[PDB]
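What follows is one structure encoded as structure tokens, with my remarks underneath.
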Amino acid sequence: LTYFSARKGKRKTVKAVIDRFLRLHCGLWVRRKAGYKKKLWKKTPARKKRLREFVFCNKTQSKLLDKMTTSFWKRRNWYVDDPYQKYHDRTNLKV
Amino acid sequence: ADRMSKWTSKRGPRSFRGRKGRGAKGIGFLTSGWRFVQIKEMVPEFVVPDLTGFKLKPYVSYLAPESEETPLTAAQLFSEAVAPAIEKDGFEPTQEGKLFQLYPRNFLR
Amino acid sequence: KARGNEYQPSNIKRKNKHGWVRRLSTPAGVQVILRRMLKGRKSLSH
Amino acid sequence: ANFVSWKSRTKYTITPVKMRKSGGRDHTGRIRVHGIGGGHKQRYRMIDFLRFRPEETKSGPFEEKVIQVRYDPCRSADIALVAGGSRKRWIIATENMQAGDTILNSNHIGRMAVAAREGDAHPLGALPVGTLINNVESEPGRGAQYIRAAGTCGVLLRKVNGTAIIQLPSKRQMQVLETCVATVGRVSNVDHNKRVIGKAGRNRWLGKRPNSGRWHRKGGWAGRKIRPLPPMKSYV
RNA sequence: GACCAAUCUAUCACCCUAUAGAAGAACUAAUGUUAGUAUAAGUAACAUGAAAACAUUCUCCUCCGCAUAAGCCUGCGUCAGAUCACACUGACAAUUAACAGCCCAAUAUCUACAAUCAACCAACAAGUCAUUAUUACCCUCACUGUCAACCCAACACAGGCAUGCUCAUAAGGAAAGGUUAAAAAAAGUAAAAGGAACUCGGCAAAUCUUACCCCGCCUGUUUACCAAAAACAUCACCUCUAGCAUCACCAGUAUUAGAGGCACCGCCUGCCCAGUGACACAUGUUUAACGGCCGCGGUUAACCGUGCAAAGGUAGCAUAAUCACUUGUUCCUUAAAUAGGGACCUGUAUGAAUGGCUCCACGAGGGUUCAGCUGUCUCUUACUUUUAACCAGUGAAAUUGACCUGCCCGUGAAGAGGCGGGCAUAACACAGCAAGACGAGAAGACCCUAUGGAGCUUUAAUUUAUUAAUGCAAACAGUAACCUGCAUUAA
RNA sequence: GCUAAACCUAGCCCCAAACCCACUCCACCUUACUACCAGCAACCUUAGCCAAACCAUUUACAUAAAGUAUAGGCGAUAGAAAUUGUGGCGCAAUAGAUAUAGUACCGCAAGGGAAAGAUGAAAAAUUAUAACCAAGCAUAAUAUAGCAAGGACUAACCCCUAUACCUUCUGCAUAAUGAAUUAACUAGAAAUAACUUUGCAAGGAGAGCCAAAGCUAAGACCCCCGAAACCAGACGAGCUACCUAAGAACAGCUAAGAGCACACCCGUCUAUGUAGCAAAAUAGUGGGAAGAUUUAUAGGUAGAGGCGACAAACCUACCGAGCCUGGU
Ligand SMILES: [Mg+2]
Ligand SMILES: [Mg+2]
Ligand SMILES: [Mg+2]
Ligand SMILES: [Mg+2]
Ligand SMILES: [Mg+2]
Ligand SMILES: [Mg+2]
Ligand SMILES: [Mg+2]
Ligand SMILES: [Mg+2]
Ligand SMILES: [Mg+2]
Ligand SMILES: [Mg+2]
Ligand SMILES: [Mg+2]
Ligand SMILES: [Mg+2]
Ligand SMILES: [Mg+2]
Ligand SMILES: [Mg+2]
Ligand SMILES: [Mg+2]
Ligand SMILES: [Mg+2]
Ligand SMILES: [Mg+2]
Ligand SMILES: [Mg+2]
Ligand SMILES: [Mg+2]
Ligand SMILES: [Mg+2]
Ligand SMILES: [Mg+2]
Ligand SMILES: [Mg+2]
Ligand SMILES: [Mg+2]
Ligand SMILES: [Mg+2]
Ligand SMILES: [Mg+2]
Ligand SMILES: [Mg+2]
Ligand SMILES: [Mg+2]
Ligand SMILES: [Mg+2]
Ligand SMILES: [Mg+2]
Ligand SMILES: [Mg+2]
Ligand SMILES: [Mg+2]
Ligand SMILES: [Mg+2]
Ligand SMILES: [Mg+2]
Ligand SMILES: [Mg+2]
Ligand SMILES: [Mg+2]
Ligand SMILES: [Mg+2]
Ligand SMILES: [Mg+2]
Ligand SMILES: [Mg+2]
Ligand SMILES: [Mg+2]
Ligand SMILES: [Mg+2]
Ligand SMILES: [Mg+2]
Ligand SMILES: [Mg+2]
Ligand SMILES: [Mg+2]
Ligand SMILES: [Mg+2]
Ligand SMILES: [Mg+2]
Ligand SMILES: [Mg+2]
Ligand SMILES: [Mg+2]
Ligand SMILES: [Mg+2]
Ligand SMILES: [Mg+2]
Ligand SMILES: [Mg+2]
């Protein structure tokens, strides 16, 4: 976790989370269901279809992932052409 | 077993007791059969002159005057001993084979 | 037997095991004397 | 550490040299041999192994004579002073080497064999085949480097060209040059192997500490080995 | 969430208070640290021989005392004041070398017959003492130690300390501060009948002593500081390694050395390389290397039918220091015998240099016993001292939450002096007490937890850092021989 | 009122600023404080604790970029550049540097380590301040009975009541540890993010960072003592184990690593001692006492080591591997 570094004296982000998750400005964490590339011959088509779809994270898991990251990862992402451009902002919500 | 105790001749064994000793200043040497040789040349000779008809005394009188202190320097001695320098209008540069050499302290006091 | 008496004083052995000559022969004693002088002790070695 | 071996003498001398016991210690101070140290004081005797050696302004064969036969505490083989010419020297005492007997020290290799006695010394090139010898040299002018212990004897086998195959007491053959010096007969002090130590007192006096008390487990190397005789070790 | 003791800072204060900034910001406890003081406690420990004119005399003991190497440095002499009384505080000066130390000019160069009354007698452990010719040399008494009641043990310490001396005298010292002798313990003197019958043991004190078993060759050593041996080591035997010289192993040579198993001497060391190790021994050796020497049915068993391998325990010894059976059976030794010993393999897991058996001498080794022995007991008692109590002096420690601290019944984080009910109870002090206060010293050593450790052992998981040998490369000689890098092998 | 209690000034920490010291006289590497005479000396990848709940590869030595790339049993973690640009809101003898001083003391050795004092203008002031403030005692010993206190009572006791504190654990006086009081010291430092209030607003902040109401600034939150144990070098054979050189000791009696027995070496057993004479003592019975015997002096063998007639024993009172330093 490293709350304070040894060279600059700041926080540090676990690259494992950055590589296994995806940050969004809306406040949700996207992931991928495990087992989507191992033992696919014994899985029924419905199971394979459900495993090849993205999934969100819970409140506690999202907070843990945020704690494991810094404010740099919370920046926007105005990519020239990204499939997740229409998901950074969440609209139509009432508590 | 004492560090503050200054080592001297009244501590060690017979060997070191007889070897070190106080400021003896070796005057001779030994000749095998424990027969010390007293070199007459190394024995000092106190050159004491005769104190007959001495004027001064070991104590001065307060009635005498007072003079300023002026440590004698080489320049003053040279200016004083300036007879041949003025007559130009004798010196001992090398004194290696001299009786009492100056630079190498060979004369006692 | 009595184990409270192990010391057999002897100036010869003392000065031979902890002497200026022995402390300056090897660099170990040199460093020892240097550290002692740095500490500020009165006696440096027997 | 400070350890100056007593072995420090230039000119050969007859007087016994003050021997300093070692005790299995090296120049540093650590033990390298277990079972050595603590014995009776001894005085080394300078021995001259090189039998044939012409003295000053000499070269041809010379004669010598035995005067006395004494015991040597350093080795197990007794010695015996033998004077000759204008000098003296110690040499190994051969069997039946009585005092007041003359001994020859030749060198000129004769054409035919030479019926050498028991004390005379001749090169292998003049010794009959099948004659016991001792104090064999490895090379001409080298010196006795093999047979020397008490009761030892080296029987001659044969000669080839300019060498001679010697048979050591351990059935280990060896070939050496024929122009080397040797000695006939066998070493004196016979029956030394049958010496009964009797008690541990004599063993301790000899200067040999006992073995350790650790109960070692006899490994595989503790088995009876029946190896064949090694090949003849030559030196040509 | 609301307040707030102390301090510094910026604000009028100013017989002590307010607004904000800071926490080394606020103690009934962490077997917490420093300083003094209660608690056992004036209890344990303790010395100084007697008379006296303080001149002197008397009683007892002594293996202690003299000088010195090792060691200390003025450490019981005077002067004035401090005090079991003083070796305590300041000045006084010692202790003077002939005893010991402080020590040798060079070059070639050589000392074979040890000492032990050393001559008879000799022996093994083979041994501590010497000089020759030449050159140059002629001045000679310089320096240190010298005391004591003394050294190392935190103490003024029943402790530890070598050399030559009479070891009891010509040296060296005083076990009794004063009174009485309560209880308990210890060191001594004697004991009416027994002499080991209390006791697992003959374990203190006296006799002085007879015959056995196991083991160990005997001497010697071991765990300084609980186990001193039935363990350790070898004089004797046996296995393996080494053909050689310049630091030992070695100024040695196969009858010589190094690494090991057993235990002298006598009878012996019977069998097996399937398996591991060591030998390239042209395919085998080595078991005195690591280790092993078997089962099923039969006229209380030979010999038959056999299965497997290496043999299938040969000789020998026997209820063992030998898994319960075990207090064996068997005959004695006594009044009783799981104590001791004569024979049985049935020891199924004894059995051969991991050594099997007897035996000459011996054991502070471990277990029995015949004739004598003592208070160990039957049943203990008397005396002296140590020691104890009181009178004078000094003077600790373990320990304590506070105590105004009884007993019985039942409960109670499960054994109550403090709880529910009863008995009792004037105040303190000495002289004994060890039933309780789960009494007092040690984070139970026995059991368990520790992804906390360390010692030991390899065929547990990994790397060969190091040694030596192997195949390759550069490295030079031949023809149509040392270092270095890459991988393997045993340690 | 005996014993006690306070004084505060010497000096300490921080940077702010310069870069420091160093032979009158003799003496100092041989045994340091020694006037005097024929022989090699240098350059070395630091390890280790600890975290991944073990642990081997791994674990640190102006601003922004950026805690990004990148490396990593791809897990715990590590982590760059191009570009950029002359006083104390301190301490005031248990605090402050350990310090009045690296002083004794432990000590043969490396190594560890504290306090001295208190009125002032005259101590060449005689002569004492105002007693009062904790812990132990005197002025002043107790008088049925029992957590030491309450309701009370005209009164102390007498009347009724209630089972010490803290920690643990479902459960307590429990007989589970802690504790004699007093004075001093002594144990919660902050983090992506979140809550409240200030200022501006699709912008604010004194470049960099965040923007579908956001940012800035302040306020508020992350304990101490405690092992076994490793690394590298010093210090250690003056006692113990072994070796080396030259010396010393062993009466007498019976008669040969023979026997008894002086001195002498060790201590199989009893008793005393157990904070004692001693952090290993006192008497005999004990084995040897011309030999594997003991010892005076000096030198050598130091821990992954030495030594070892193996006791896996000893190496300076505690050695299944002695202590110190720095990682700790
Ligand atoms: Mg002591
Ligand atoms: Mg307090
Ligand atoms: Mg406690
Ligand atoms: Mg406390
Ligand atoms: Mg008491
Ligand atoms: Mg007395
Ligand atoms: Mg004297
Ligand atoms: Mg008395
Ligand atoms: Mg009678
Ligand atoms: Mg009777
Ligand atoms: Mg009975
Ligand atoms: Mg009985
Ligand atoms: Mg009996
Ligand atoms: Mg008898
Ligand atoms: Mg024996
Ligand atoms: Mg013991
Ligand atoms: Mg014992
Ligand atoms: Mg042995
Ligand atoms: Mg032997
Ligand atoms: Mg057999
Ligand atoms: Mg049995
Ligand atoms: Mg008493
Ligand atoms: Mg009294
Ligand atoms: Mg206690
Ligand atoms: Mg109870
Ligand atoms: Mg109670
Ligand atoms: Mg208790
Ligand atoms: Mg415990
Ligand atoms: Mg650990
Ligand atoms: Mg560990
Ligand atoms: Mg850690
Ligand atoms: Mg770890
Ligand atoms: Mg840059
Ligand atoms: Mg201080
Ligand atoms: Mg301080
Ligand atoms: Mg008070
Ligand atoms: Mg109360
Ligand atoms: Mg609490
Ligand atoms: Mg707690
Ligand atoms: Mg519970
Ligand atoms: Mg309690
Ligand atoms: Mg919003
Ligand atoms: Mg010694
Ligand atoms: Mg020994
Ligand atoms: Mg015993
Ligand atoms: Mg006791
Ligand atoms: Mg014996
Ligand atoms: Mg005897
Ligand atoms: Mg005798
Ligand atoms: Mg250590």
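Order determines the names: the first chain of the structure tokens is A, the second B, and so forth; residues in each chain are numbered 1 upward, and ligands are numbered 1 upward as they are shown.
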**OP:** Using only C-alpha atoms (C1' of nucleotides), find which residues of chain D lie within 6 Å of chain E and jot them down as a PyMOL selection string.
**Re:** chain D and resi 15+24-26+146+150-151+170+192-193+197-200+205+218-225
**OP:** Could you give me the residues within 7 Å of ligand 20, counting only C-alpha atoms (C1' of nucleotides) and all ligand atoms, as a PyMOL selection string?
**Re:** chain E and resi 269-270+352
**OP:** Output the neighbourhood of ligand 33 as a VMD selection string, that is, all protein and nucleic acid residues with some atom at most 9 Å from the ligand, counting only C-alpha atoms (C1' of nucleotides) and all ligand atoms.
**Re:** chain F and resid 81 to 84
**OP:** Around ligand 43, at most 10 Å away and counting only C-alpha atoms (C1' of nucleotides) and all ligand atoms, which residues are there? Put them as a ChimeraX atom specification, please.
**Re:** /C:8 /F:237-240
Output C-alpha atoms (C1' of nucleotides) for every residue in that selection, as a PDB file, in the first residue's frame.
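New file again-v7.pdb:
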```pdb
ATOM      1  CA  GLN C   8      47.101 -13.810  38.091  1.00  0.00           C
TER       2      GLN C   8
ATOM      3  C1'   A F 237      44.714 -19.462  26.463  1.00  0.00           C
ATOM      4  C1'   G F 238      47.434 -14.303  33.332  1.00  0.00           C
ATOM      5  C1'   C F 239      41.599 -19.768  34.962  1.00  0.00           C
ATOM      6  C1'   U F 240      40.224 -23.667  32.178  1.00  0.00           C
TER       7        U F 240
END
```
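Taking atom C1' of residue 410 of chain E and atom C1' of residue 160 of chain F as the two end points, the separation is 23.7 Å.
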Using only C-alpha atoms (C1' of nucleotides), I'd like a table of the residues in chain F that come within 12 Å of chain B; for each, show the closest atom pair and its distance in Å rounded to one decimal, ordered by chain and ascending number, as a Markdown table.
```
| residue | atom | partner | partner_atom | distance |
| --- | --- | --- | --- | --- |
| F:25 | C1' | B:109 | CA | 11.2 |
| F:26 | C1' | B:23 | CA | 10.9 |
| F:27 | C1' | B:23 | CA | 10.4 |
| F:30 | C1' | B:20 | CA | 10.4 |
| F:31 | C1' | B:16 | CA | 7.0 |
| F:32 | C1' | B:7 | CA | 9.9 |
| F:33 | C1' | B:7 | CA | 9.1 |
| F:34 | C1' | B:20 | CA | 5.7 |
| F:35 | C1' | B:25 | CA | 6.4 |
| F:36 | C1' | B:26 | CA | 8.2 |
| F:103 | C1' | B:4 | CA | 11.4 |
| F:104 | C1' | B:4 | CA | 10.9 |
| F:107 | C1' | B:1 | CA | 8.3 |
| F:108 | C1' | B:1 | CA | 7.4 |
| F:109 | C1' | B:1 | CA | 10.7 |
| F:238 | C1' | B:1 | CA | 11.7 |
| F:297 | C1' | B:13 | CA | 11.5 |
```
**OP:** Could you give me the residues within 10 Å of ligand 42, counting only C-alpha atoms (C1' of nucleotides) and all ligand atoms, as a PyMOL selection string?
**Re:** chain F and resi 212-214
Subject >> Shell around segment 10-20 of chain A at 7 Å using only C-alpha atoms (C1' of nucleotides), local window under 4 positions removed, as a PyMOL selection string >> reply: (chain A and resi 1-5+31+65+68-70) or (chain F and resi 67)
**OP:** Could you give me, as a VMD selection string, every polymer residue with an atom at most 9 Å away from an atom of ligand 22, counting only C-alpha atoms (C1' of nucleotides) and all ligand atoms?
**Re:** chain E and resid 44 to 45 387 to 389
Mind writing the picked residues with C-alpha atoms (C1' of nucleotides) as a PDB file, in the first residue's frame?
```pdb
ATOM      1  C1'   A E  44      19.434 -12.398  62.478  1.00  0.00           C
ATOM      2  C1'   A E  45      25.714 -11.186  62.510  1.00  0.00           C
ATOM      3  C1'   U E 387      24.684 -22.280  70.611  1.00  0.00           C
ATOM      4  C1'   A E 388      20.365 -19.697  73.134  1.00  0.00           C
ATOM      5  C1'   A E 389      18.151 -15.587  76.598  1.00  0.00           C
TER       6        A E 389
END
```
Which protein, DNA or RNA residues have an atom within 6 Å of ligand 24, counting only C-alpha atoms (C1' of nucleotides) and all ligand atoms, as a PDB file with N, CA and C atoms (P, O5', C5', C4', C3', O3' and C1' of nucleotides), in the first residue's frame?
```pdb
ATOM      1  P     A E 398      14.322  -6.731  50.196  1.00  0.00           P
ATOM      2  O5'   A E 398      13.682  -8.156  49.890  1.00  0.00           O
ATOM      3  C5'   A E 398      14.222  -8.992  48.878  1.00  0.00           C
ATOM      4  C4'   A E 398      13.865 -10.437  49.110  1.00  0.00           C
ATOM      5  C3'   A E 398      12.381 -10.734  49.258  1.00  0.00           C
ATOM      6  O3'   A E 398      11.712 -10.828  48.013  1.00  0.00           O
ATOM      7  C1'   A E 398      13.575 -11.814  50.987  1.00  0.00           C
ATOM      8  P     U E 399      10.692  -9.674  47.554  1.00  0.00           P
ATOM      9  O5'   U E 399       9.601  -9.641  48.713  1.00  0.00           O
ATOM     10  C5'   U E 399       8.892 -10.814  49.082  1.00  0.00           C
ATOM     11  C4'   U E 399       7.998 -10.569  50.271  1.00  0.00           C
ATOM     12  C3'   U E 399       7.007  -9.424  50.131  1.00  0.00           C
ATOM     13  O3'   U E 399       5.840  -9.789  49.414  1.00  0.00           O
ATOM     14  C1'   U E 399       8.115  -9.254  52.210  1.00  0.00           C
ATOM     15  P     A E 440       3.383 -16.583  48.569  1.00  0.00           P
ATOM     16  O5'   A E 440       4.841 -15.999  48.828  1.00  0.00           O
ATOM     17  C5'   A E 440       5.026 -14.699  49.368  1.00  0.00           C
ATOM     18  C4'   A E 440       6.435 -14.516  49.867  1.00  0.00           C
ATOM     19  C3'   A E 440       7.533 -14.812  48.854  1.00  0.00           C
ATOM     20  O3'   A E 440       7.801 -13.722  47.986  1.00  0.00           O
ATOM     21  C1'   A E 440       7.998 -15.968  50.851  1.00  0.00           C
ATOM     22  P     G E 441       7.809 -13.934  46.391  1.00  0.00           P
ATOM     23  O5'   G E 441       9.178 -13.270  45.921  1.00  0.00           O
ATOM     24  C5'   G E 441      10.377 -13.502  46.644  1.00  0.00           C
ATOM     25  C4'   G E 441      11.505 -13.931  45.739  1.00  0.00           C
ATOM     26  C3'   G E 441      11.150 -14.968  44.685  1.00  0.00           C
ATOM     27  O3'   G E 441      10.514 -14.423  43.534  1.00  0.00           O
ATOM     28  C1'   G E 441      13.081 -15.673  45.835  1.00  0.00           C
TER      29        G E 441
END
```
**OP:** Find the residues near ligand 16. Use a cut-off of 8 Å, count only C-alpha atoms (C1' of nucleotides) and all ligand atoms, and write them as an MDAnalysis selection string.
**Re:** chainID E and resid 223 225:227
Dump as a Markdown table the rows for residues of chain C within 10 Å of chain E: closest atom pair and distance in Å with one decimal, only C-alpha atoms (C1' of nucleotides) counted, ordered by chain and rising residue number.
```
| residue | atom | partner | partner_atom | distance |
| --- | --- | --- | --- | --- |
| C:1 | CA | E:224 | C1' | 6.7 |
| C:2 | CA | E:159 | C1' | 6.8 |
| C:3 | CA | E:224 | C1' | 8.0 |
| C:4 | CA | E:153 | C1' | 5.4 |
| C:5 | CA | E:153 | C1' | 5.1 |
| C:6 | CA | E:152 | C1' | 7.5 |
| C:7 | CA | E:152 | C1' | 5.9 |
| C:8 | CA | E:152 | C1' | 6.7 |
| C:9 | CA | E:71 | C1' | 6.4 |
| C:10 | CA | E:70 | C1' | 6.8 |
| C:11 | CA | E:71 | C1' | 9.0 |
```
